[PDB]
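This report concerns only the one structure given below.
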Amino acid sequence: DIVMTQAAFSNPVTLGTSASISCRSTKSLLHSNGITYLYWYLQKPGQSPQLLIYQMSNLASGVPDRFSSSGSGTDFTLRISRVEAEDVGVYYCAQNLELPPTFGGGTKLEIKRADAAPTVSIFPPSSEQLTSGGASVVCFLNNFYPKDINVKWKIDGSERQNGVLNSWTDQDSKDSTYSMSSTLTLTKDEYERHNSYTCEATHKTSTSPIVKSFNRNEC
Amino acid sequence: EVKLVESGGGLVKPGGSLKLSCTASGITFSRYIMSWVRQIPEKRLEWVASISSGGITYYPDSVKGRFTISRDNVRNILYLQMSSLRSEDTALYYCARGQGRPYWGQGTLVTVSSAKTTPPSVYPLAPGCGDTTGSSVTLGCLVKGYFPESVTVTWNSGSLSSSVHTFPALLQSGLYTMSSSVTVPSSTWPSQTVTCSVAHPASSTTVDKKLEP
């Protein structure tokens, strides 16, 4: 088989500038008919894989010509001029010179942008959930940059680690920020023993954590 | 129009069989080398099978002797007969016309499991009671305790797309939980309503939740 190798990440680029993604084969992809059977596709966050370029030089339908591919021998580069926020995702090279086809490991395109503090929102358990005897307290830490962030939960001013589960998004296709959800799940009975539930976010944009709380007995 | 459409995916016990099928608008399978490929999380796409226009079949070692690729030239249907299924065969399966301008479908999920499908419970996420502040308000829906992936959450029938975050699901004790958030102007929420609609195709359920109600 032909092994197709790419780096998992490129260096982060600023909006409007050019990006490169490199791909290596073990073997030439140039056939005796003069055509190089290299193709590139993209998988964007939460979408299905999209063909970009095939036979080295042919753009797929819908693909803008700021995407180009060049190379020779074992070495190819996908160039994306004037990078846009929506370009973020994982770019794959592949070959269809031979059977079987073989695929690269993908390179994630990362965008560099201005720091942004998280927007923090906390939500009590729904009446519906409580009726079933569960109680999930949810916190969103939304649209922040850079990607590094810490979340802590406190119940009556005392840190809580048990029952907390966190999920993080990939880089946003619209504004190049990151978000996270943190959910504290308890039984209805545990929930109803405390009143203050607190989500606190610590991010480089401030020395002080952003704190949101609600009080179960306030209203 | 030109598209490939896979079907047949679902839950199947280890050791079982399952036949996938692929149909098309505008691609005549008999004319091309046709293939099946599969995608597992964070693993690279994996070729599964090919059949040439002349009917020569090809398989990698991972599936050879268990999977068989075949084609109905009259009805224009491509098949993958999966047999002796294994936990590691769990993946999104795509049919593909791999030569020329490559095409593939949307995919069909095959989950090799002893488990049964479980629909989600869907809970609204709205601010707690108290004084208001801010020109924007963030709302959500918690989609809890379902199996297998995936779910889709749609806000006011797609009318709020730009402002939405979809949080990747987490797996705990055999069940997934995910959430979705939307941010909207405070001038018009709660005065006007917002609804999340959650589809979980595996269990054939769609549930709508209104966010003040």
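Note that the protein sequences, when read in sequence, are chains L and H. Throughout the first sequence, residue numbering follows the deposited numbering, covering 1 to 27, 27A to 27E, 28 to 214 in sequence. Throughout the second sequence, residue numbering follows the deposited numbering, covering 1 to 82, 82A to 82C, 83 to 98, 101 to 130, 133 to 154, 156 to 157, 162 to 169, 171 to 180, 183 to 196, 198 to 200, 202 to 206, 208 to 223, 226 to 227 in sequence. Beta carbons are placed, not taken as given, at the ideal position from N, Cα and C, and that holds for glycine.
{"query": "Helix, strand or coil for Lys103 (chain L), going by three-state DSSP, please let me know.", "result": "strand"}
{"query": "Consult DSSP for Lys27 (chain L) and reduce its assignment to one of helix, strand or coil.", "result": "coil"}
{"query": "Can you list the alpha helix (DSSP H) stretches of 4 or more residues lying completely in the stretch 70-142 of chain L, in chain order?", "result": "122-126"}
{"query": "On a CA-only basis, which of H:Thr153, H:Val193, H:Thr107, H:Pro149 is nearest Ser169 (chain H)? Give me that one, please.", "result": "H:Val193"}
{"query": "Between the beta-carbon of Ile30 (chain L) and the beta-carbon of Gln50 (chain L), is there less than 7 Å?", "result": "yes"}
{"query": "Can you name the residues of chain H whose CB is closer than 9 Å to the CB of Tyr49 (chain L)?", "result": "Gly97, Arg98, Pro101"}
{"query": "Which same chain residues end up closer than 7 Å to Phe9 (chain L) when comparing Cβ atoms and leaving out the 5 residues on each side of it in sequence?", "result": "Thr102, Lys103, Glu105"}
{"query": "Between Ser131 (chain L) and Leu179 (chain L), how many whole angstroms is the CB-CB distance? I'm expecting something under 8 Å.", "result": "7 Å"}
{"query": "Once you ignore the five residues that flank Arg108 (chain L) on each side, which residues in its own chain have a CB closer than 8 Å to its CB?", "result": "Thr14, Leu15, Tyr140, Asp170, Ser171, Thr172"}
{"query": "Look at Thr193 (chain L) and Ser208 (chain L) and say whether their C-beta atoms are less than 7 Å apart.", "result": "yes"}
{"query": "Which residue or residues does DSSP assign as beta-bridge partners of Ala196 (chain L)?", "result": "L:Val146, L:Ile205"}
{"query": "Between the stretch 64-83 of chain L and the stretch 109-122 of chain L, do three or more beta carbon pairs fall short of 8 Å?", "result": "no"}
{"query": "Should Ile51 (chain H) be labelled buried (16 or more other beta-carbon atoms within 10 Å of its own) or exposed?", "result": "buried"}
{"query": "Which residues in chain H sit within 7 Å of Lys27 (chain L), going by Cβ to Cβ distance?", "result": "What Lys27 (chain L) touches in chain H: nothing, since even the nearest Cβ is about 17 Å away."}
{"query": "Please name the residues in the stretch 38-70 of chain L whose beta-carbon is closer than 8 Å to at least one beta-carbon of chain H, in chain order.", "result": "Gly41, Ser43, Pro44, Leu46, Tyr49, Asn53, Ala55"}
{"query": "Just mark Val109 (chain H) as buried or exposed, buried being the case when its beta carbon has 16 or more other beta carbons within 10 Å.", "result": "buried"}
{"query": "Return no unless some Cβ of chain L is closer than 7 Å to the Cβ of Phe174 (chain H).", "result": "yes"}
{"query": "Taking only three categories from DSSP, how would you classify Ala214 (chain H)?", "result": "helix"}
{"query": "I want to see whether chain H comes within less than 7 Å of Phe118 (chain L), judged by CB atoms only; does it?", "result": "yes"}
{"query": "Taking 7 Å as the threshold (beta carbon to beta carbon), is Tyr58 (chain H) in contact with chain L?", "result": "yes"}
{"query": "Note down, in chain order, every chain H residue with its Cβ under 8 Å from the Cβ of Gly101 (chain L).", "result": "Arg44"}
{"query": "With DSSP collapsed to three states, give me the class of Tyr59 (chain H).", "result": "coil"}
{"query": "Excluding five sequence neighbours on each side, which residues of the same chain lie with their C-beta closer than 6 Å to the C-beta of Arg211 (chain L)?", "result": "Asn190"}
{"query": "Please classify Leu33 (chain L) as buried or exposed, where buried requires at least 16 neighbouring CB atoms within 10 angstroms.", "result": "buried"}
{"query": "Does DSSP put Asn212 (chain L) in a helix, a strand or coil?", "result": "coil"}
{"query": "Determine, for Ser190 (chain H), whether the minimum Cβ-Cβ distance to residues of chain L falls below 7 Å.", "result": "yes"}
{"query": "So, are the CB atoms of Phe98 (chain L) and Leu45 (chain H) less than 7 Å apart?", "result": "yes"}
{"query": "Could you name the residues of chain L that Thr204 (chain H) contacts, counting a contact when the two beta carbons are closer than 8 Å?", "result": "The premise fails here: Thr204 (chain H) is roughly 16 Å from chain L at the closest Cβ pair, so nothing lies under 8 Å."}
{"query": "Would you please state the rounded distance, in angstroms, between the beta carbons of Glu6 (chain H) and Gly106 (chain H)? I believe it to be under 8 Å.", "result": "6 Å"}
{"query": "Could you tell me whether the Cβ atoms of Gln96 (chain H) and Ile33 (chain H) are closer together than 7 Å?", "result": "yes"}
{"query": "Please tell me whether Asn138 (chain L) and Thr114 (chain L) are closer than 7 Å, where the distance is taken between their beta carbons.", "result": "yes"}
{"query": "Leaving out five residues before and five after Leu54 (chain L) in sequence, what residues of the same chain have Cβ atoms less than 8 Å from its Cβ?", "result": "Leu47, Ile48, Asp60, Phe62"}
{"query": "Less than 6 Å between C-beta atoms, sequence neighbours within five positions excluded: which residues of the same chain meet that for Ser30 (chain H)?", "result": "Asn73"}
{"query": "Tell me the residue span of the beta strand (DSSP E) that contains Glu6 (chain H).", "result": "3-7"}
{"query": "Is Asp184 (chain L) buried or exposed, if buried means 16 or more other CB atoms sit within 10 Å of its CB?", "result": "exposed"}
{"query": "Return the residue from the list H:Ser53, H:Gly135, H:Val37, H:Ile77 that minimises the CA-CA distance to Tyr59 (chain H).", "result": "H:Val37"}
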